[PDB]
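Have a look at the structure below before the remarks.
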Amino acid sequence: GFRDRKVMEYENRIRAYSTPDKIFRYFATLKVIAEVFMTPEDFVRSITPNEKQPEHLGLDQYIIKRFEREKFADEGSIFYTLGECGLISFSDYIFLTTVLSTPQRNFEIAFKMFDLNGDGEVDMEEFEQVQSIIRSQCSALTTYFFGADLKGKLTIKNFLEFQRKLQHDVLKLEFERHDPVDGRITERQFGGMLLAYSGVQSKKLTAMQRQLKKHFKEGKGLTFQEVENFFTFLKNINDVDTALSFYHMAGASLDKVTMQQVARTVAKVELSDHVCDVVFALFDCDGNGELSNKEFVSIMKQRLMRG
Amino acid sequence: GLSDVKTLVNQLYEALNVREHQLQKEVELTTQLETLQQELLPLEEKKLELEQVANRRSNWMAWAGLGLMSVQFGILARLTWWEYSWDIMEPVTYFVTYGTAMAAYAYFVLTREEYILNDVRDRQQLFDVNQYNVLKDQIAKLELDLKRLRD
Amino acid sequence: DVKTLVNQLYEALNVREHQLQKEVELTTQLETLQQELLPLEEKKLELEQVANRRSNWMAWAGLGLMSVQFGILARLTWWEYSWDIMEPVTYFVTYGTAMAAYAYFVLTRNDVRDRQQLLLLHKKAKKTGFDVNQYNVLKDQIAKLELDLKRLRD
Amino acid sequence: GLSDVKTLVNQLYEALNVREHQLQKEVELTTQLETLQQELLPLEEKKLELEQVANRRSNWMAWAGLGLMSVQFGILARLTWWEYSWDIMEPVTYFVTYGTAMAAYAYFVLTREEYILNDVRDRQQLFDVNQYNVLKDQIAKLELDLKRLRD
Amino acid sequence: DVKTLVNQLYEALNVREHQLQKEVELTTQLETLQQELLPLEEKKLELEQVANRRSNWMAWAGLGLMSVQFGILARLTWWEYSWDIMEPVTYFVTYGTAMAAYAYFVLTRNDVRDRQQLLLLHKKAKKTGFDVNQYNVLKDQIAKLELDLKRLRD
Amino acid sequence: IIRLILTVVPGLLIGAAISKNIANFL
Amino acid sequence: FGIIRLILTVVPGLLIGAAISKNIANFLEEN
Amino acid sequence: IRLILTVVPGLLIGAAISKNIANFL
Amino acid sequence: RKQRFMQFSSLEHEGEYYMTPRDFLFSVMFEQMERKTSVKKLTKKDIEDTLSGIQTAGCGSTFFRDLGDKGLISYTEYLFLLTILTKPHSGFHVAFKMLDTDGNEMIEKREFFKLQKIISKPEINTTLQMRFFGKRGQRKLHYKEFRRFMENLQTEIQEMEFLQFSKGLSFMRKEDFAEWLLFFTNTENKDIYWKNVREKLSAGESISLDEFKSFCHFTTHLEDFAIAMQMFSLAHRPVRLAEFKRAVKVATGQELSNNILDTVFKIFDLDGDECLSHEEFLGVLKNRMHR
Ligand SMILES: [Ca+2]
């Protein structure tokens, strides 16, 4: 498979360097009558590297569709509130992709700045200012955040909850795009998901497969809930790194029990045995249970930040 | 003009004094050919030296130009396919090619201007190719007369 | 003094029938010159044709190679791949083709133009039997003689 | 060599026979120069005619080349900016530029091969420039000698 | 008979003191001929320098226009617009520059190379006071005289 | 220059009209 | 009379280029 | 020296001319 | 740092150096010693007697000052205080989590040494151990007492700074505040700043201790200020005094006074415009916070 590798590398270059319009016209797959659209699966594909586009659709070729209408997103999903029956237009593509990326501290600060004697008060003009500023560093959602009168105020709590629900739904789509059986993902597939935004080389993943084979770990599966708990754990990676370096210099060994103790103490999340087994299987120095804190923090940071 | 007709009479006299008309004349022509060639050799030495010293320069200059162009080719290919994408490296390569072409034409015009200025200055301040050339022509005519005399 | 003596000399040697003698000597020296010239001319013609076939073949081969490159690129960017993925490949192939043409140039190296061409042909030959300067002085002698004959016939 | 010395004696006798050596020779020089220029005239007329006939052809051919290049430019500009966008017509313009360069090369090759094959065929099967140039030589030398004798 | 006649004439006119007389006549004939040639060389030098000024000036103007065009394209391609909208404009500007260069090169129009160049300059400019032909024949005659003087000095 | 313009500009306009007609025909 | 040879030189070269790209891409995908 | 003094002013003049022409348009 | 320890240590026992609370305060305030007194070499009984007469000190914000010369510091302890002064406090809380899980976070005498050795990267009794765990290690260290103690340390050193610049005048003068602000920044730009403040200070205005404490707190929170200024720059609106006050209210979470913040905007108004030259402002505050 030579041509497929060439095409996937070209797609990674598009994702990493091209303009926000080329990424849309290339990854969009619908044309409704005339406006282009991207089903939610296409939106998930446009951010996770090493995903292949269907052969025929590609660039500037779409499945022209004719104007109860079919639903492209499940009820209650956040993409459903975009306004269409679960479809994303370029206008919403930019908004969603800038809500996924920026950290919540910036949103807190921006909301606090542009307001009048208010912690979390904002208006449509102030919201446009916030969007412009954050994009430097929305269609049919006006009713959702402001009301039919269009004069309601978005409290920072509501927007942060919306952002969190967005990340959760994109995570569920990214999980389902791995074809779960009975609701369980293969250890190697979880390794891919974890290292997807990391180094291109798959060597370490292989070593993980050999480790799980000689350890009787490969073949038990991780539920989606475990992955969700693991990513909520990763959502405190700064304090986790500080605590890891502290325990390291203290003299204690970075074993499984140490990782579950630090998880419980500083992240308030209960890790399962299997998840720690897998993190260690692909992150040990060579064989030993001591964790390579530095490279681990590096890879988890470059993965949590979506690149 | 009297000296001219005197020289005509001298030519006539050298003609009449001949013994073994065609043989000794062939001998004299052989000596003349040998003398003219021995004289011609230094001019040919000068000419070949100048030719080589003017050819190696152009050879090395063209090799240098080709090497520089190949280096630019490699740099642009590595920046395009590994470090960055072609979407972001299209204007950079176009303008780098524009700059290389403009620099080549500027070097050409500059060497032309310098050469013509220096040549005109040297001519105003001042291997004679024409005596070499008339020497070649005279020695060829003499070899031709020798051939025609042979048979 | 010497005037009557050169008059007697003219009467003795220059019988004064020398006009028709000049005519016949001219119209036979011309033929002897042409016969002496023909071998040099045939050598020149053979050398020219042998140095012509090479350039003809090389030009036709260059056109064939350009066409082959065209076909290779048009079969890549329209059946196997897309245009956008094969845009830098075509640019760099064009750059490499220009560079290879330049390397070929660097590795291979009205009437006055013909003189220069013949000088370069003789230099590249080092082929004996055809001495360019002998042929030049010979053609010049023949032209002068024929012009003198045109004057004589009037 | 008897004919050579006969002509030499005739030349010497004619040279000594002249009266007003500096005057009558100047007259004969003027007559000879006029006669040689009058002999040269037809060759120069033929050369000028042939030059004009072989020059207007190349002028018209280069003009046609420019017209065709501009027609191609117009076609590309209208298609790129009116009918279809540039994104869809980048390959068409690249490959049409390639086709045009190939056609220019093919025209140069065709004209060269045809001309040289025709010339070699005519030379093998068969306005003489050499006697025209020899005549220019004789007339320039005669005018130079006349100049020197007058002043 | 006639041989003794021309021998007596040799003793009479060909005094045989003409060796040193010929040497001094030649070493003066050479100066005379160079003094004749000089004005022609001055005219040639003036014409060629005047035709060289123009070439230098025109090539400098060409380089200046090239740099101005490069400047405008770069500024638009990075400050006032994006590269997307300025790709077809770049290609068509390069096409127009090529067409303009060709229209200019159509509206304008080893010693043998220099002789052809001088002949072409004379044919194009056609100014009286300098005849390339008389200049060539005088150059060759003075060359032959220098050569004879070298043979005589030994 | 007048003849230069009279040669270029009609060729370009003819090319434009030919592109119009060819796209219509196709 | 030259146009016949011009076409007979170009068109086979172009077709050969097409077939060669076909075969080389096949080989590369194979190995 | 003359090469730079010819190129650089031409390039700057081109930049300023494109600026002014775009403003006018 | 240890250079400072050896330069300012005034007690010694068995080739080991020790600081008094007075020594320690003069060390945190100055780089060089005022009087080049020789290190007194003291014995075991004497060094025990130095800590006999304690617990007379108020356990509030006068703790260290009340202890005077009556105290003992092991080199490691002196490092542990310095990090509390320079570092933000949150990191220490993370260590409290890491040490003990599902507990009050109690430390033994040896665990206290472990904490010192990790944070700043048998044995004699010391003031910290005896204060925190009782006389013989009977009580345990509950996180909140350590947080209170750190707060009292911050407050005490700040009150000492205010007194040392006031010269016991019970209030400041804004030129003196400017001196306190620009003091540590030794890189030569201070002349133009001094000119600007002297022109724009209007001598006779004053600030009290609460203002000084609040501004030191802001000094400790500065990063959010930088993010807000960066966001304003991306907005490409010149930052103005009211915008600076809004950024301060966001960062600190408190409402500073008009006079203090207006003074600070005026001093770092490098240009004649009404815009904060926040780059140099951040640099100066960074230098000030690192001591
Ligand atoms: Ca392009």
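Here's how to read the names in the structure tokens: chain A, B, ... by the order shown, residue numbers from 1 in each chain, ligand numbers from 1 in the order shown.
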* How would you write, as an MDAnalysis selection string, the set of residues no farther than 9 Å from ligand 1 when counting only C-alpha atoms and all ligand atoms? -> (chainID B and resid 86:87 90:91) or (chainID C and resid 84 87:88) or (chainID D and resid 87 90:91) or (chainID E and resid 84 87:88)
* To do: Within 12 Å of residue E:49, counting only C-alpha atoms, which residues show up once you throw out same-chain ones fewer than 2 positions away? Write them as a ChimeraX atom specification, please.
  => /B:113,116-121,123-124 /E:42-47,51-56,121
* To do: Pull out every residue of chain H that has at least one atom within 7 Å of chain E, counting only C-alpha atoms, and report them as a PyMOL selection string.
  => chain H and resi 6-7+10-15+18
* To do: Write out as an MDAnalysis selection string each polymer residue whose atoms come within 7 Å of stretch 128-137 of chain E, counting only C-alpha atoms; drop sequence neighbours fewer than 3 positions from it.
  => (chainID D and resid 140:141 144) or (chainID E and resid 40 43:44 119 140:141)
Per-residue nearest contacts of chain C to chain D (7 Å; only C-alpha atoms) as JSON lines:
```
{"residue": "C:6", "atom": "CA", "partner": "D:13", "partner_atom": "CA", "distance": 6.6}
{"residue": "C:10", "atom": "CA", "partner": "D:9", "partner_atom": "CA", "distance": 6.7}
{"residue": "C:13", "atom": "CA", "partner": "D:6", "partner_atom": "CA", "distance": 6.3}
{"residue": "C:14", "atom": "CA", "partner": "D:6", "partner_atom": "CA", "distance": 5.6}
{"residue": "C:56", "atom": "CA", "partner": "D:113", "partner_atom": "CA", "distance": 6.6}
{"residue": "C:59", "atom": "CA", "partner": "D:109", "partner_atom": "CA", "distance": 6.7}
{"residue": "C:83", "atom": "CA", "partner": "D:91", "partner_atom": "CA", "distance": 7.0}
{"residue": "C:140", "atom": "CA", "partner": "D:130", "partner_atom": "CA", "distance": 6.7}
{"residue": "C:143", "atom": "CA", "partner": "D:131", "partner_atom": "CA", "distance": 5.0}
{"residue": "C:144", "atom": "CA", "partner": "D:131", "partner_atom": "CA", "distance": 6.3}
{"residue": "C:147", "atom": "CA", "partner": "D:131", "partner_atom": "CA", "distance": 6.6}
```
Next, dump the selected residues to file, keeping only N, CA and C atoms, as a short mmCIF file (atom, residue, chain, number, x, y, z; two decimals), in the first residue's frame.
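Result saved to again-v1.cif:
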```cif
data_model
loop_
_atom_site.label_atom_id
_atom_site.label_comp_id
_atom_site.auth_asym_id
_atom_site.auth_seq_id
_atom_site.Cartn_x
_atom_site.Cartn_y
_atom_site.Cartn_z
N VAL C 6 64.89 47.43 -73.85
CA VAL C 6 63.70 46.70 -73.43
C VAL C 6 62.72 46.59 -74.59
N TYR C 10 61.26 43.08 -75.80
CA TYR C 10 59.85 42.82 -76.03
C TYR C 10 59.63 42.23 -77.42
N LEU C 13 61.10 38.33 -77.14
CA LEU C 13 60.32 37.36 -76.37
C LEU C 13 58.82 37.56 -76.55
N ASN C 14 58.31 38.73 -76.17
CA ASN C 14 56.88 39.03 -76.27
C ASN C 14 56.53 39.33 -77.72
N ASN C 56 20.63 16.13 -36.42
CA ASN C 56 19.24 15.79 -36.74
C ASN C 56 18.70 14.72 -35.80
N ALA C 59 18.17 16.09 -32.26
CA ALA C 59 16.99 16.93 -32.10
C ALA C 59 15.72 16.10 -32.06
N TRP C 83 -4.62 16.21 -9.16
CA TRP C 83 -3.69 17.25 -9.57
C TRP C 83 -2.96 17.84 -8.37
N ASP C 140 39.41 31.19 -53.70
CA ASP C 140 39.62 32.61 -53.99
C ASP C 140 40.39 32.79 -55.29
N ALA C 143 37.93 32.10 -58.14
CA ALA C 143 37.00 33.20 -58.35
C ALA C 143 37.67 34.36 -59.06
N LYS C 144 38.86 34.74 -58.61
CA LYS C 144 39.58 35.82 -59.29
C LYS C 144 39.85 35.48 -60.75
N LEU C 147 36.65 35.75 -62.79
CA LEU C 147 36.31 37.15 -63.01
C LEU C 147 37.18 37.77 -64.09
#
```
* Tell me the residues of chain A close to chain E, meaning within 12 Å using only C-alpha atoms, as a VMD selection string. => chain A and resid 18 to 19 21 to 22
* Near-residue A:103 list (12 Å; only C-alpha atoms; drop same-chain fewer than 5 positions) as JSON, numbers by chain -> {"A": [98, 108, 109, 110, 134, 137, 160, 163, 164, 167, 235, 304, 305, 306]}
Next, dump the selected residues to file, keeping only N, CA, C and O atoms, as a short mmCIF file (atom, residue, chain, number, x, y, z; two decimals), in the first residue's frame.
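Contents of part.cif, freshly written:
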```
data_model
loop_
_atom_site.label_atom_id
_atom_site.label_comp_id
_atom_site.auth_asym_id
_atom_site.auth_seq_id
_atom_site.Cartn_x
_atom_site.Cartn_y
_atom_site.Cartn_z
N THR A 98 -12.75 26.42 16.87
CA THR A 98 -12.11 27.32 17.82
C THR A 98 -12.65 27.17 19.24
O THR A 98 -12.03 27.68 20.17
N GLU A 108 -12.64 32.37 30.22
CA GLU A 108 -12.93 33.07 31.46
C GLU A 108 -12.44 34.51 31.39
O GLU A 108 -13.18 35.44 31.71
N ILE A 109 -11.19 34.71 30.98
CA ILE A 109 -10.61 36.05 30.97
C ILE A 109 -11.34 36.94 29.98
O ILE A 109 -11.68 38.09 30.29
N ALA A 110 -11.61 36.43 28.78
CA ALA A 110 -12.28 37.23 27.76
C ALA A 110 -13.68 37.62 28.20
O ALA A 110 -14.10 38.77 28.01
N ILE A 134 -10.33 35.69 20.15
CA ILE A 134 -9.85 34.33 20.40
C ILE A 134 -9.40 33.67 19.11
O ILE A 134 -8.43 32.90 19.10
N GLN A 137 -5.74 34.80 18.34
CA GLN A 137 -4.70 34.08 19.08
C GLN A 137 -4.77 32.58 18.82
O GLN A 137 -3.96 32.04 18.07
N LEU A 160 -19.02 27.36 29.33
CA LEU A 160 -18.04 26.33 29.65
C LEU A 160 -18.68 24.95 29.65
O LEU A 160 -18.07 23.98 29.18
N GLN A 163 -18.95 23.95 26.05
CA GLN A 163 -17.66 23.50 25.53
C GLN A 163 -17.33 22.10 26.01
O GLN A 163 -16.82 21.26 25.25
N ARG A 164 -17.61 21.82 27.28
CA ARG A 164 -17.34 20.49 27.82
C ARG A 164 -18.19 19.43 27.14
O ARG A 164 -17.70 18.35 26.81
N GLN A 167 -16.67 18.72 23.70
CA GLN A 167 -15.53 17.82 23.76
C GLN A 167 -15.97 16.39 24.03
O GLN A 167 -15.44 15.45 23.45
N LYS A 235 -6.99 15.76 32.08
CA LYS A 235 -7.34 17.18 32.10
C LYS A 235 -6.67 17.94 33.24
O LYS A 235 -6.95 19.13 33.40
N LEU A 304 -3.41 16.06 24.29
CA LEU A 304 -4.57 16.73 24.87
C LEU A 304 -4.86 18.05 24.17
O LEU A 304 -6.03 18.42 24.02
N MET A 305 -3.83 18.76 23.75
CA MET A 305 -3.99 20.04 23.07
C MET A 305 -4.44 19.91 21.63
O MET A 305 -4.43 20.91 20.91
N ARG A 306 -4.81 18.71 21.18
CA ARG A 306 -5.24 18.46 19.81
C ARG A 306 -4.18 18.88 18.79
O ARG A 306 -4.50 19.15 17.63
#
```
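Atom CA of residue E:97 lies 18.3 Å from atom CA of residue D:78.
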Quick one: contact table of chain C to chain E, 12 Å max, nearest atom pair and distance in Å to one decimal per residue, counting only C-alpha atoms, chain and number order, as a tab-separated table?
```
residue	atom	partner	partner_atom	distance
C:1	CA	E:12	CA	9.7
C:2	CA	E:9	CA	6.9
C:3	CA	E:9	CA	10.2
C:4	CA	E:5	CA	11.3
C:5	CA	E:5	CA	7.6
C:6	CA	E:6	CA	8.6
C:7	CA	E:5	CA	11.5
C:8	CA	E:2	CA	8.9
C:9	CA	E:2	CA	6.7
C:10	CA	E:2	CA	10.2
C:11	CA	E:2	CA	10.9
C:12	CA	E:2	CA	8.2
C:13	CA	E:2	CA	8.9
C:110	CA	E:116	CA	8.5
C:111	CA	E:116	CA	9.4
C:112	CA	E:112	CA	6.4
C:113	CA	E:116	CA	7.9
C:114	CA	E:112	CA	9.9
C:115	CA	E:112	CA	7.6
C:116	CA	E:112	CA	6.5
C:117	CA	E:112	CA	10.2
C:118	CA	E:112	CA	11.3
C:119	CA	E:110	CA	8.7
C:120	CA	E:110	CA	9.1
C:123	CA	E:110	CA	11.7
```
Just to be explicit: take each residue in the selection above, keep C-alpha atoms, and write the result as a CSV table (one decimal), in the first residue's frame.
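Output file part.csv follows:
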```csv
chain,number,residue,atom,x,y,z
C,1,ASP,CA,69.3,54.1,-73.0
C,2,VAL,CA,67.6,51.0,-71.6
C,3,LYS,CA,64.4,52.0,-73.4
C,4,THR,CA,65.4,50.8,-76.8
C,5,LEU,CA,66.9,47.7,-75.2
C,6,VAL,CA,63.7,46.7,-73.4
C,7,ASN,CA,61.9,47.4,-76.7
C,8,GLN,CA,64.2,44.9,-78.5
C,9,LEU,CA,63.6,42.5,-75.6
C,10,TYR,CA,59.8,42.8,-76.0
C,11,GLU,CA,60.2,42.3,-79.8
C,12,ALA,CA,62.3,39.1,-79.1
C,13,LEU,CA,60.3,37.4,-76.4
C,110,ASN,CA,26.3,35.1,-44.2
C,111,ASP,CA,29.4,33.7,-45.9
C,112,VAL,CA,31.5,34.5,-42.8
C,113,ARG,CA,29.1,32.3,-40.8
C,114,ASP,CA,30.0,29.5,-43.2
C,115,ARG,CA,33.7,30.2,-42.7
C,116,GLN,CA,33.3,30.0,-39.0
C,117,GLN,CA,31.3,26.8,-39.3
C,118,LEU,CA,34.0,25.3,-41.5
C,119,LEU,CA,36.7,26.3,-39.1
C,120,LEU,CA,34.9,24.7,-36.2
C,123,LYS,CA,38.9,21.9,-35.5
```
Proximity of chain G to chain A: per-residue shortest pair, 12 Å limit, only C-alpha atoms, as a Markdown table:
```
| residue | atom | partner | partner_atom | distance |
| --- | --- | --- | --- | --- |
| G:24 | CA | A:2 | CA | 11.9 |
| G:25 | CA | A:3 | CA | 8.6 |
| G:26 | CA | A:2 | CA | 9.9 |
| G:27 | CA | A:2 | CA | 10.0 |
| G:28 | CA | A:2 | CA | 6.7 |
| G:29 | CA | A:2 | CA | 5.1 |
| G:30 | CA | A:1 | CA | 7.6 |
| G:31 | CA | A:2 | CA | 8.3 |
```
Could you give me, as a tab-separated table, a per-residue list for chain G showing, wherever an atom lies at most 7 Å from an atom of chain C, the closest pair of atoms and their distance in Å to one decimal, using only C-alpha atoms and sorting by chain then residue number from low to high?
```
residue	atom	partner	partner_atom	distance
G:9	CA	C:64	CA	6.2
G:10	CA	C:67	CA	5.6
G:13	CA	C:68	CA	4.7
G:14	CA	C:71	CA	4.3
G:15	CA	C:71	CA	6.3
G:16	CA	C:68	CA	6.5
G:17	CA	C:71	CA	4.3
G:18	CA	C:71	CA	4.9
G:20	CA	C:72	CA	6.9
G:21	CA	C:72	CA	5.3
```
Output of the above residues as a compact mmCIF listing (two decimals), in the first residue's frame, restricted to C-alpha atoms:
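Wrote it out as result14.txt, contents follow:
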```txt
# COMPACT_ATOMS: atom_id res chain seq x y z
CA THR G 9 7.33 10.89 -33.31
CA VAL G 10 5.26 12.70 -30.68
CA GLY G 13 6.27 8.95 -27.23
CA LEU G 14 3.23 10.25 -25.37
CA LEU G 15 1.48 6.87 -25.43
CA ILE G 16 4.67 5.18 -24.21
CA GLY G 17 4.86 7.66 -21.35
CA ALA G 18 1.28 6.86 -20.38
CA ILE G 20 5.15 3.50 -18.49
CA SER G 21 3.45 5.49 -15.73
```
Using only C-alpha atoms, select each residue of chain A with any atom at most 10 Å away from an atom of chain B, and give the selection as a PDB file with N, CA, C and O atoms, in the first residue's frame.
```
ATOM      1  N   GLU A   9      -0.240  10.911   3.960  1.00  0.00           N
ATOM      2  CA  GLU A   9       0.728  11.953   4.284  1.00  0.00           C
ATOM      3  C   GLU A   9       0.297  13.296   3.707  1.00  0.00           C
ATOM      4  O   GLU A   9       0.432  14.336   4.366  1.00  0.00           O
ATOM      5  N   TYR A  10      -0.226  13.294   2.480  1.00  0.00           N
ATOM      6  CA  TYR A  10      -0.728  14.534   1.898  1.00  0.00           C
ATOM      7  C   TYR A  10      -1.857  15.109   2.742  1.00  0.00           C
ATOM      8  O   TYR A  10      -1.930  16.324   2.962  1.00  0.00           O
ATOM      9  N   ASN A  12      -2.309  14.681   5.972  1.00  0.00           N
ATOM     10  CA  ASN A  12      -1.738  15.252   7.190  1.00  0.00           C
ATOM     11  C   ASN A  12      -1.142  16.624   6.923  1.00  0.00           C
ATOM     12  O   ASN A  12      -1.249  17.527   7.759  1.00  0.00           O
ATOM     13  N   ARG A  13      -0.501  16.801   5.768  1.00  0.00           N
ATOM     14  CA  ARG A  13       0.032  18.120   5.441  1.00  0.00           C
ATOM     15  C   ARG A  13      -1.088  19.139   5.269  1.00  0.00           C
ATOM     16  O   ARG A  13      -0.963  20.289   5.709  1.00  0.00           O
ATOM     17  N   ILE A  14      -2.196  18.732   4.644  1.00  0.00           N
ATOM     18  CA  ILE A  14      -3.363  19.611   4.546  1.00  0.00           C
ATOM     19  C   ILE A  14      -3.859  19.998   5.931  1.00  0.00           C
ATOM     20  O   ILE A  14      -4.097  21.177   6.218  1.00  0.00           O
ATOM     21  N   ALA A  16      -2.311  20.051   8.754  1.00  0.00           N
ATOM     22  CA  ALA A  16      -1.387  20.781   9.606  1.00  0.00           C
ATOM     23  C   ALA A  16      -1.074  22.175   9.093  1.00  0.00           C
ATOM     24  O   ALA A  16      -0.787  23.061   9.901  1.00  0.00           O
ATOM     25  N   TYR A  17      -1.133  22.414   7.782  1.00  0.00           N
ATOM     26  CA  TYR A  17      -0.620  23.678   7.264  1.00  0.00           C
ATOM     27  C   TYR A  17      -1.570  24.462   6.373  1.00  0.00           C
ATOM     28  O   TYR A  17      -1.355  25.668   6.209  1.00  0.00           O
ATOM     29  N   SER A  18      -2.593  23.848   5.792  1.00  0.00           N
ATOM     30  CA  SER A  18      -3.407  24.551   4.816  1.00  0.00           C
ATOM     31  C   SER A  18      -4.348  25.539   5.503  1.00  0.00           C
ATOM     32  O   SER A  18      -4.437  25.610   6.729  1.00  0.00           O
ATOM     33  N   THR A  19      -5.063  26.308   4.689  1.00  0.00           N
ATOM     34  CA  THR A  19      -5.988  27.336   5.135  1.00  0.00           C
ATOM     35  C   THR A  19      -7.286  26.708   5.635  1.00  0.00           C
ATOM     36  O   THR A  19      -7.690  25.649   5.154  1.00  0.00           O
ATOM     37  N   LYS A  22      -9.525  25.361   2.681  1.00  0.00           N
ATOM     38  CA  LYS A  22      -9.163  24.132   1.988  1.00  0.00           C
ATOM     39  C   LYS A  22      -9.479  22.902   2.825  1.00  0.00           C
ATOM     40  O   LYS A  22      -9.943  21.889   2.293  1.00  0.00           O
TER      41      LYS A  22
END
```
